[PDB]
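S.K.: return atomic coordinates for the entry below.
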Amino acid sequence: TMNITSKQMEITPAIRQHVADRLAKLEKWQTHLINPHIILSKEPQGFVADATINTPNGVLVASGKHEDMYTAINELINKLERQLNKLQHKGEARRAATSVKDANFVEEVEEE
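M.R.: Numbering: from 1, shown residues only. Provided below are the atomic coordinates:
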């Protein structure tokens, strides 16, 4: 449901509650995701946070590299949210100028 690991620092209840609090908040997003995993790294230029989630309809990925450890984690999940947004899509929607009518079942699967 929420796994956080790092090869530099340790997992604190604050970092767990921070990310965790955001998970429970992502209700509109709640649809799939099975056993997500987040990793935390660090570079001389700042901190980096990566995350991977497996779902029944594919897999999503997100990463961050802000100078602030907390900002990176927040940014990463930001991409998780921003990613799920594109999953639902929206399109432009277009009917016609009058009404028209075109649809066939006899031939719309074999070649289509």
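
S.K.: next, count neighbours for residue 52.
M.R.: 15 (other CB atoms under 10 Å). Any C-beta I mention is one placed from the backbone N, CA and C, and that applies to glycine too.

S.K.: tell me which strands the strand or helix carrying residue 4 pairs with, and in which orientation.
M.R.: Using DSSP states H and E, residue 4 sits within strand 3-6. Note on strand 3-6: by DSSP bridges, its sheet partners are strand 37-43 (parallel).

S.K.: I'd like the next helix or strand past the partner strand.
M.R.: Counting by DSSP H and E, what follows strand 37-43 is strand 46-55.

S.K.: okay, now the residue lying closest to residue 16 once chain neighbours are set aside: neighbour count?
M.R.: In space, and not counting its chain neighbours, residue 16 is closest to residue 4: 6.5 Å by CB to CB, 6 or more residues apart in numbering. Residue 4 has 20 neighbouring residues, counting by other CB under 10 Å.

S.K.: how about the contacts made by residue 4?
M.R.: Residue 4 makes contacts with 11, 15, 16, 19, 37, 38, 39, 40, as judged by CB atoms under 8 Å, 6 or more residues apart in numbering.

S.K.: please indicate which of the residues you listed are buried?
M.R.: 15, 19, 38, 39, 40 (16 or more other CB atoms under 10 Å).

S.K.: list the buried residues for whatever helix or strand the second one lives in?
M.R.: In other words, residue 19. Using DSSP H and E, residue 19 maps to helix 13-25. Residues 15, 19, 22, 23 are the ones in helix 13-25 that count as buried (16+ other CB under 10 Å).

S.K.: quick check, the last one in contact with residue 17.
M.R.: Read it as residue 23. No - assessed by CB atoms under 8 Å, residue 23 is found out of contact with residue 17, at 10.3 Å.

S.K.: helices or strands up against the helix ranked longest in the chain?
M.R.: Looking across the chain with DSSP state H, the single longest helix is helix 69-88. Packing contacts for helix 69-88, counted by 3 or more CB pairs under 8 Å, 6 or more residues apart in numbering; DSSP states H and E, involve helix 13-25, strand 37-43, strand 46-55, strand 58-64.
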